[PDB]
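Chains as they are written, first to last, in my numbering: chain A, 11 to 171; chain B, 11 to 171; chain C, 11 to 171; chain D, 26 to 185; chain E, 846 to 1492; chain F, 34 to 100; chain G, 173 to 332. Just so you know, even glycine gets a beta-carbon here, dropped at the ideal spot from N, CA and C.
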Amino acid sequence: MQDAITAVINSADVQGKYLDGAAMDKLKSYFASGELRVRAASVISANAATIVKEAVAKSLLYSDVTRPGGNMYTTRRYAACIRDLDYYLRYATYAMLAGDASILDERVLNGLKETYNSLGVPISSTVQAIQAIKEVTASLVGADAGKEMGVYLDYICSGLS
Amino acid sequence: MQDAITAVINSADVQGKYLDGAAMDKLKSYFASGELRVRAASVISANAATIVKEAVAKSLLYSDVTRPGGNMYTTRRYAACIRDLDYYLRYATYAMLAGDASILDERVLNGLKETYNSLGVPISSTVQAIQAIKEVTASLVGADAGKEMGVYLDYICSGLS
Amino acid sequence: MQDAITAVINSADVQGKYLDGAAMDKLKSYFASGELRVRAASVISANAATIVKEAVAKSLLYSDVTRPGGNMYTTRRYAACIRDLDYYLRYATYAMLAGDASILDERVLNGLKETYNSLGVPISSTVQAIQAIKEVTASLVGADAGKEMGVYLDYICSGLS
Amino acid sequence: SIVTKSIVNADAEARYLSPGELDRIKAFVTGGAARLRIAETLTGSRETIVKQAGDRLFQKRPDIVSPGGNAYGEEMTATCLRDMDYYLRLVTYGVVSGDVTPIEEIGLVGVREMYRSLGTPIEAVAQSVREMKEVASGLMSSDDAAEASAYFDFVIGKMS
Amino acid sequence: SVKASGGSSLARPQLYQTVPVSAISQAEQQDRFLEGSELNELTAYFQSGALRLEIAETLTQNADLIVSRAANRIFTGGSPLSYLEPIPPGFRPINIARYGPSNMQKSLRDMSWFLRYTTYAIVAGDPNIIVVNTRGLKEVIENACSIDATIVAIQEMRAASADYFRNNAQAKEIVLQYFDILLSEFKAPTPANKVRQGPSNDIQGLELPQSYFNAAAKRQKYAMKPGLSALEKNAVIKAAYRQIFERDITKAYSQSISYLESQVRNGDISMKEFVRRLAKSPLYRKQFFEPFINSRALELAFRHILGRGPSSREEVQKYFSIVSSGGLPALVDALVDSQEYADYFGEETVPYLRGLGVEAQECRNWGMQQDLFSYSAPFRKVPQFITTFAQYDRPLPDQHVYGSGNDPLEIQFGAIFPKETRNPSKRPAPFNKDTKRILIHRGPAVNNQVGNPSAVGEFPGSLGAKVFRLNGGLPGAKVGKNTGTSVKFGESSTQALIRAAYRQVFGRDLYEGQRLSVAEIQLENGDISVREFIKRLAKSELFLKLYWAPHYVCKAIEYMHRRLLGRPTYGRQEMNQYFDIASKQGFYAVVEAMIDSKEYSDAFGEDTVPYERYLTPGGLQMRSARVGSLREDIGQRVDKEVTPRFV
Amino acid sequence: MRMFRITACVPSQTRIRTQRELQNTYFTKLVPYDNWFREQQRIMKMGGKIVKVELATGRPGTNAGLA
Amino acid sequence: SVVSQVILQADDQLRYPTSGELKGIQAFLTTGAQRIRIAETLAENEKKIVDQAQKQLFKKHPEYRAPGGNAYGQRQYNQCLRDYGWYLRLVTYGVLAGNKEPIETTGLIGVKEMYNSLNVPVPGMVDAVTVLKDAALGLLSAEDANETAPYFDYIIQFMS
Ligand SMILES: *[C@H](C)[C@H]1/C(=C/c2[nH]c(/C=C3N=C(/C=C4\NC(=O)C(CC)=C4C)C(C)=C\3CCC(=O)O)c(CCC(=O)O)c2C)NC(=O)[C@@H]1C
Ligand SMILES: *[C@H](C)[C@H]1/C(=C/c2[nH]c(/C=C3N=C(/C=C4\NC(=O)C(CC)=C4C)C(C)=C\3CCC(=O)O)c(CCC(=O)O)c2C)NC(=O)[C@@H]1C
Ligand SMILES: *[C@H](C)[C@H]1/C(=C/c2[nH]c(/C=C3N=C(/C=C4\NC(=O)C(CC)=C4C)C(C)=C\3CCC(=O)O)c(CCC(=O)O)c2C)NC(=O)[C@@H]1C
Ligand SMILES: *[C@H](C)[C@H]1/C(=C/c2[nH]c(/C=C3N=C(/C=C4\NC(=O)C(CC)=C4C)C(C)=C\3CCC(=O)O)c(CCC(=O)O)c2C)NC(=O)[C@@H]1C
Ligand SMILES: *[C@H](C)[C@H]1/C(=C/c2[nH]c(/C=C3N=C(/C=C4\NC(=O)C(CC)=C4C)C(C)=C\3CCC(=O)O)c(CCC(=O)O)c2C)NC(=O)[C@@H]1C
Ligand SMILES: *[C@H](C)[C@H]1/C(=C/c2[nH]c(/C=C3N=C(/C=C4\NC(=O)C(CC)=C4C)C(C)=C\3CCC(=O)O)c(CCC(=O)O)c2C)NC(=O)[C@@H]1C
Ligand SMILES: *[C@H](C)[C@H]1/C(=C/c2[nH]c(/C=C3N=C(/C=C4\NC(=O)C(CC)=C4C)C(C)=C\3CCC(=O)O)c(CCC(=O)O)c2C)NC(=O)[C@@H]1C
Ligand SMILES: *[C@H](C)[C@H]1/C(=C/c2[nH]c(/C=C3N=C(/C=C4\NC(=O)C(CC)=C4C)C(C)=C\3CCC(=O)O)c(CCC(=O)O)c2C)NC(=O)[C@@H]1C
Ligand SMILES: *[C@H](C)[C@H]1/C(=C/c2[nH]c(/C=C3N=C(/C=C4\NC(=O)C(CC)=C4C)C(C)=C\3CCC(=O)O)c(CCC(=O)O)c2C)NC(=O)[C@@H]1C
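Written out as structure tokens, the structure reads:
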């Protein structure tokens, strides 16, 4: 895994060059918005249970999936999905702290698309459930942090789809 | 595994409805023919070693497969096929007891078909071996339960092919 | 793995016939060349680092791979390439001692093609590195022992390509 | 980086970063302008450090440049000047990251068997960084150099 | 009572996590010095800690005011502070008199203790103390206390602590968020308990609340994912070496199999397959199989692979049958291809030591697993599991009441005791007070005092030890042999008695400048009896120096009793007696008590030198279960060798 | 020693009750021949689904020279 | 089913079902006529059971219907009777199969964190099963009730 500062090292490392002005100004942006990254992650950490709770509320609750026949019906299945959504939230929280999207592809998006296909998990509803988090989280942390939050959440759903 | 008793339950679970008289009639059939299944299981359990031998001698022994060049020549591979047929009979007894061929779909035909293609195990010779098992178990137990037993051994035959 | 002795044994056991004079000549060939194989292996074990020393210097060093942006730039990757070529030497020595290229086909060239494609390791430069070993290893022990090793190194070349 | 060491340890613990861990990230980000100032001076006089400590290496260890050693003429001398240029670049990467991660990931893992295959003594390349530490400390202020030397001695210590 | 004990080593559970604890233990588990990360964790905390002192100091002083303003707002109808020990959802103020004094005392102290734990949380710098103690609290308090009244009470305290402090936004937010965590954890209902399901029929199933695994320091879990950068990949492999070999051997001795390392780094073989191949490797075989017995190597293989000790007697019996059949590979294969291994670690996760804090523990193999998780486990070469499990079903073993170590070896001289530290072979057994140990008499079996107490002063007739008595007249007793008589025959007999009396007190014959010459000549003159002479040799400063001083107190008491009475102590009743004298009076009085005992006087007179009367079953086994000395009819079927009828 | 290139997903049944961390259930690994029977049985007892199995190491129908 | 539990236990030890295991199947298959009778008297008479269970719950717990509750909306109140209808459905499945397994996999395994993520109290639902039990066994005959009783009691156990 890398960061926003580690990636700018690695992008300059392949050329075999020192930290130039084009690399230095990219170091400035993450170092300035780093305080904003800490605060929003601290808000998410304190309200970890709430976002997942409200995400299901306006997506998966009172729906076709939770009705018998789907993969959300049984208490074994339902508890598994909210566990996943909690994990998808957590790894996204790490992603914004790092300033890198490769951490999603690292631990989560290794083969979570095809393992869901093996068990017969609907992707379309899962993407919509991921999309549901974005609205809840952005209202909690802010519009500035939520847009930065949205990128890594979009990275999760795009790879799954 | 999914038993025949739990088959109508799980079907009603997906539907999200109570077991009707058109669904409980199959359950009534299982409750009536259940005592036949136990006695059939008791005979096979006692004569587990004998059923195998009477089938191997009928089909596999004194053939090209047991002679040099075949896949059932070496003692190592001979003990493997004996082990296989021991597991083939035991799991067929489970499906006979449960009343459903789900255990054959789960704990038999999961990746067994593809392992046999990998090692170069003859599919036609294995089918003949299970067909030899079928004729022995029908002669030992009876025509009443052996025909019922033959369905689950056909499921292995259709699964391998 | 199958050595030159066991390869004859295996071939005879497939047909299921005793060791005849048409098969025993292969054994006689191995027992005659056995002194040459052991003595050569002692030279390779002596100059295990020394063969790799020259091979990298004449092929891999002062090239595009060692330069930034390559696959031999980082010391981690450099040491891995040194690690690789000592395996390509050790297992070829094993193949020389065995008298068959079964060891290289199972423990080296298992999924080595797929690995080198996935990471982004240049196969063409790896082939040149093996050819660099071949030239060094030939002019260290002898022409007869060098061409013996050369065949097994060509198996690595053909396997990776 | 510090931020990589946060997540890796958080995934090992399988929980969110604690306020104690978050205070570390807070301190690293706020003290990021100070650590960026270290690299800016080193990238400015990148030619100066490598050359000055380079001739010091041939002075302190003559055997390197003397017949029999790795250094010969100009072509083997330039590679030694290139190696010292690489390690000074490696220091600056570890300087901005605040941790000794980019030093390890790029050029420190399997460094012993790396120079074994070339025939370069490991204590000699350790001595070159020692001299590179001395020249760099003299260029900038002492309090600023104290942070800089901490990443320098890591390069020395592993190659010692 | 239980007949066996596995040991009771000190358990140290982490009640709550602090910032220094979280930082230090993070690198401790990784076996690293605190790097630039973990130092910065402390640096930021130590700077903020000065401010965190000012948070608590104000809150500790004004603690009375906060709880007073809280209780007045919540409870109506009188004064709640008579007996001191923003967003309303829909709370109703509780009456003081209706709630009752006992319930009011609980309510008041909890409100103070909530604030007290908040002050501890800031000082600790980690809301772990809150998360643990507040999570599963809503359910247990629901029964006889209103939830709606508690939320507004905390929310009142949140405002109360905010207005009273109010220093800086960098200061007050620490107070705010920790209170915000407090209410959120209290609003959260009790989570499901961690169910440790039994892997087979032999092992019991367990349960642990979601609070115990919230503080007790989570074991760092490493998983090999194929995409990871090689630095954290190295950290996974190092941890895998730290699990299998108990330590990082690749750092210590540069002992590493790079052949296996390369395949896992790629993703050819999984971590399950790595552990499999690493535990059947010659590197593990030499270190954790070769130096150990088949039973102990099995016990070590359990903690390396499964990360726990053998749980049941049947499990040890099963896995020993495997290691006897196919050896180390078959054992490893059985451990990796188990239902437990793939449930805990799966395929990717490195095995980890699951102890007191990680999961629910069973009350069966407590002390056996405690010593196993220690780094001093691969030095205990005596098996701890199979020994205790077998002793559990059996009655109390042939052992001293204070352990197996308290038993000396039954030898002629030298107090030799099994050391606790050197080769751990401590076998505790719950012995009670009135527990008499069965001892084998040296002489006739009928002459045992347990069944025949009258035959206590009966001499062993060529069955036991030789009895020395001053039966013959001492030289110069009567004035019959006047002046001369140079060849007085009765002189060698008393000298041989003296030497034997020396040999009883001190197992070996002493040197030139060690013999008490004053005591010898008083016995020879007939001034003192043998009883007094034995007492004087045991009251000697040499006996103090040689047997009493270098040994454990109760070891020294036990050995003294085996020398002066020639008998091991029956149990606690006698051992506690002499130990009480040893505490109050001293060593000399213990000597005095053992000589002036009635049993001494019954066995040995005033002229009788003591001798070995009773042995321990373990001691006699050392004597008469060797190749020689052992009879043919001890534990063997004897067939009468007769000449055949054709001969 | 013959090895099988096996591809199987093995979902955890106790993950909810045990409250352990989430692990990647889908794996492509090499497994020895002597262990494969115990490996396959273990997977299919957990309710795991085997996707693809390939004989990557060894020759099909070998008599002499395996390990 | 008890049929499944036997063949699971037999397969775990890698053997055929034993003498006592087969007789355990034999005992169930004979009493299957009674098992069928459980289903009809609960499924058809659901509306009386569900209404009695809910009126006794909200009387004993006047919190969810009260302000700051859980089921305040009419769509939320239907969901509480939906759960009641689903639990009695799960009871029937359990009795018919003969064991807890049908109830276990569907509505017991991970049922605590189910209602935790919906703000429904598990100590509130442990009292919901008891009143559902009391209503059910009251309608059932004396000897029929004692069969259906321990299935309800297991649900109580797993809740709180
Ligand atoms: C919720 C959005 C939807 C849903 C989810 C669902 N997924 C599974 C199956 C699994 N998912 C995981 C979890 C992960 N694996 C990883 O490595 C990561 C990244 C860290 C995640 C998130 C796993 C391991 C499984 C397998 C089961 C297990 O716990 O081991 C299920 C269960 C499928 C089953 O019946 O077994 C479910 C329900 N399904 C929906 O209906 C939602 C729309
Ligand atoms: C003679 C020493 C004893 C004996 C022999 C006997 N064996 C069989 C059956 C078979 N023997 C084998 C075994 C092998 N085939 C191999 O490839 C190897 C290893 C190289 C061996 C040893 C096989 C496969 C058979 C099956 C027969 C066939 O050709 O298909 C029998 C026949 C048993 C029967 O009644 O069916 C016999 C008699 N038995 C004795 O009593 C002697 C002590
Ligand atoms: C006998 C009917 C025929 C035959 C059998 C045969 N099989 C193998 C190899 C294996 N068989 C299996 C398959 C199973 N694993 C399972 O989980 C089940 C379902 C319960 C089965 C039956 C496996 C895993 C192996 C590998 C052996 C091991 O110990 O891991 C062989 C050996 C192949 C070889 O060349 O070595 C043989 C001979 N083939 C015949 O010739 C008969 C017609
Ligand atoms: C040197 C000739 C070229 C080169 C090498 C290179 N290889 C890797 C990575 C791997 N190497 C292997 C190969 C083997 N491991 C084995 O077990 C065996 C058989 C005994 C061999 C030959 C594998 C599996 C890997 C992957 C895991 C690992 O790193 O060990 C790298 C690193 C790639 C990366 O970035 O991860 C390199 C650099 N590269 C060149 O440019 C040379 C021409
Ligand atoms: C000077 C301090 C000492 C010295 C240097 C020396 N180095 C080489 C050859 C190489 N050095 C490296 C090292 C790196 N290149 C990289 O890309 C990195 C990672 C950032 C490092 C650290 C390598 C790989 C080479 C090969 C050259 C190439 O890039 O193609 C030599 C030449 C050795 C030879 O004869 O081939 C020398 C002399 N040696 C000393 O004795 C000095 C103390
Ligand atoms: C036979 C000569 C006498 C005998 C033996 C006996 N042994 C056991 C059980 C065990 N054997 C051992 C001993 C060993 N472990 C080691 O590491 C070694 C050295 C390599 C040995 C020999 C152990 C630890 C066990 C326990 C395992 C188990 O439960 O089987 C028994 C079984 C006793 C029981 O059931 O508890 C027996 C009978 N005892 C006699 O009666 C013979 C005179
Ligand atoms: C001399 C050959 C080597 C040697 C001897 C040595 N022995 C001791 C002390 C003791 N000796 C014994 C052993 C015995 N107890 C018995 O019952 C018997 C059989 C009759 C014997 C031989 C004992 C018990 C001791 C302990 C003290 C005592 O005397 O009671 C020592 C002194 C050890 C100490 O540190 O106190 C020594 C040195 N050691 C050598 O170096 C010689 C090769
Ligand atoms: C008779 C049923 C069987 C038998 C007995 C036997 N016992 C001994 C020797 C001893 N017996 C004991 C045991 C006890 N002493 C106690 O304090 C208690 C508890 C109340 C008991 C039961 C002891 C200590 C001894 C040793 C001698 C002594 O009295 O101190 C023997 C003689 C063994 C020898 O070789 O000396 C015998 C024969 N053996 C049989 O054949 C019967 C089946
Ligand atoms: C009535 C007794 C109590 C109550 C009920 C209530 N439940 C929900 C939410 C859900 N409950 C279920 C149902 C089940 N999950 C299962 O797996 C099973 C077994 C088969 C059952 C019975 C599910 C899946 C949901 C969510 C689906 C949905 O929302 O449609 C609610 C809704 C939560 C809300 O308030 O929004 C309610 C009201 N509420 C109480 O207070 C009673 C004690």
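Between residue i and residue j, how many whole angstroms is the CB-CB distance? I'm expecting something under 8 Å.
i: D:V116; j: D:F53; result: Actually they do not touch by this definition, with Cβ atoms about 18 Å apart.
i: D:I181; j: D:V160; result: About 14 Å separates the two Cβ atoms, so there is no contact after all.
i: A:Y98; j: A:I140; result: 6 Å
i: E:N1059; j: E:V977; result: 5 Å
i: E:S882; j: D:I27; result: 5 Å
Are the C-beta atoms of residue i and some chain E residue less than 8 Å apart?
i: F:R71; result: yes
i: G:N242; result: no
Look up residue i in the DSSP assignment and give the residues it is bridged to.
i: E:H1286; result: E:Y1459
i: E:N940; result: E:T921
i: F:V64; result: F:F37
Is there a C-beta anywhere in chain C that falls below 8 Å from the one on residue i?
i: E:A1080; result: no
Would you say residue i lies against chain D (beta-carbon separation less than 8 Å)?
i: E:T1194; result: no
i: A:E45; result: yes
i: A:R100; result: yes
Is the CB of residue i under 8 Å away from at least one CB in chain F?
i: C:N20; result: yes
How do the region 46 to 62 of chain F and the region 1057 to 1074 of chain E stand: do at least 3 beta-carbon pairs fall below 8 Å, yes or no?
-> Touching, yes, given that three or more Cβ pairs across the two stretches are closer than 8 Å.
Is the region 1216 to 1230 of chain E in contact with the region 1314 to 1325 of chain E, if contact means three or more CB pairs nearer than 8 Å?
-> no
Assess, as a yes-or-no matter, whether the region 1084 to 1102 of chain E is touched by the region 1184 to 1192 of chain E under the definition of 3 or more beta carbon pairs within less than 8 Å.
-> no
Run through the region 854 to 929 of chain E for me and flag every whole beta strand (DSSP E) of 3 or more residues, listed as ranges in chain order.
-> With a minimum length of 3 residues, no continuous beta strand (DSSP E) run stays inside the region 854 to 929 of chain E.
Would you check if there are 3 or more beta carbon pairs closer than 8 Å linking the region 1041 to 1048 of chain E to the region 45 to 64 of chain C?
-> no
The region 1232 to 1243 of chain E in contact with the region 869 to 876 of chain E per 3-pair CB rule at 8 Å | The region 1232 to 1243 of chain E, when compared against the region 869 to 876 of chain E, does not touch it at the 8 Å Cβ threshold.
Pick out the complete beta strand (DSSP E) segments inside the region 1311 to 1387 of chain E, 3 residues or longer, and give them in chain order.
-> Fully enclosed beta strand (DSSP E) runs of 3 or longer: not present.
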